[PDB]
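Notes for the one structure printed next.
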Amino acid sequence: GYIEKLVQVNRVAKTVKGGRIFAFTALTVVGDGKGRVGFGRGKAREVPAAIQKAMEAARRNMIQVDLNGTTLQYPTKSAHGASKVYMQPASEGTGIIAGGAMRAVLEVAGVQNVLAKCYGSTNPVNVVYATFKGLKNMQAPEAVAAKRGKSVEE
RNA sequence: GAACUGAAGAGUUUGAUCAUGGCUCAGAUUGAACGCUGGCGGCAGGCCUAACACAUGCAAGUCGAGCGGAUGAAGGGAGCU
Ligand SMILES: [Mg+2]
Ligand SMILES: [Mg+2]
Ligand SMILES: [Mg+2]
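Heads up: the first sequence is residues 11 to 164, going by UniProt numbering.
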């Protein structure tokens, strides 16, 4: 998949004798818009190098997400650290009602109707972890049918 | 056949980081007031304060087919003119 979103770019510093060394960190998300999505972090002493490292890292470790035709299966509630995330499917006319990192993640993954919200700390990287944790543990029918036959469970 | 369908975050504590936590901002509303500016129309609204004191007009009268009385037309005439 090839859809690049630059979620965040930040400048960090470390102290040595002489003064400070500055570094640049980038967090990006990659996906095809039809089920696969991954995220990557990259640090360098230059912004382009950090962004390229983040893109290369995100292009690895992609995951497959089960979705109901550009729409979620059921409401989801997922947490990582101090960040908490609520999601729930919406109708066709809706867009993406989400803020910041969540919007990039959901748009990249390929869902178009998400009506989402976040509570707790709104650190973008932790929000991205929480959003992938919610999206990855999404079952969808014919997999919850491990118990018994299908069309009777629903 | 309908009577609903719906939820965004950002800045700021550090050399840098995560968390906690307060402050501030982006929206929608007023019986509003003030500053600058000002063409027209339709529909509404207009003492939120002193239940403070009030000049002057008007805002509750009608019935003569309930009853006496006094006001007494036009006319028919009568006299004198
Ligand atoms: Mg907080
Ligand atoms: Mg500083
Ligand atoms: Mg009054």
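Backbone N, C-alpha and C fix where the C-beta goes; we use that ideal spot for every residue, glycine too.
Would residue i pass as a contact of residue j if the rule is Cβ separation under 8 Å?
i, j, result
"residue 4", "residue 37", "In the structure as shown, the chain begins at 11 and stops at 164. Residue 4 is therefore absent and cannot be evaluated."
"residue 161", "residue 128", "no"
"residue 86", "residue 97", "yes"
"residue 68", "residue 22", "no"
"residue 60", "residue 80", "no"
"residue 17", "residue 134", "yes"
"residue 15", "residue 89", "no"
"residue 155", "residue 126", "no"
Assign residue i to one of three DSSP states: helix, strand, or coil.
i, result
"residue 132", "coil"
"residue 115", "helix"
"residue 14", "strand"
"residue 29", "strand"
"residue 146", "helix"
"residue 65", "helix"
"residue 54", "strand"
"residue 89", "strand"
"residue 108", "coil"
What's the C-alpha gap between residue i and residue j?
i, j, result
"residue 102", "residue 58", "38 Å"
"residue 42", "residue 130", "30 Å"
"residue 75", "residue 19", "26 Å"
"residue 29", "residue 55", "16 Å"
"residue 70", "residue 48", "7 Å"
"residue 151", "residue 66", "33 Å"
"residue 138", "residue 24", "25 Å"
"residue 13", "residue 118", "7 Å"
"residue 136", "residue 33", "20 Å"
"residue 83", "residue 44", "15 Å"
Buried or exposed: residue i, going by 16 or more other Cβ atoms within 10 Å of its Cβ?
i, result
"residue 31", "exposed"
"residue 145", "buried"
"residue 140", "buried"
"residue 95", "buried"
"residue 164", "exposed"
"residue 123", "buried"
"residue 120", "buried"
"residue 26", "exposed"
"residue 111", "buried"
"residue 153", "exposed"
Looking only at its chain, what residues have a beta carbon closer than 6 Å to the beta carbon of residue i, apart from the 5 residues adjacent to it on each side?
i, result
"residue 11", "41, 42, 46"
Leaving out five residues on either side along the sequence, give the residues of the same chain with a beta carbon under 8 Å from the beta carbon of residue i.
i, result
"residue 72", "11, 40, 41, 46, 47, 48"
"residue 142", "47, 49, 73, 115"
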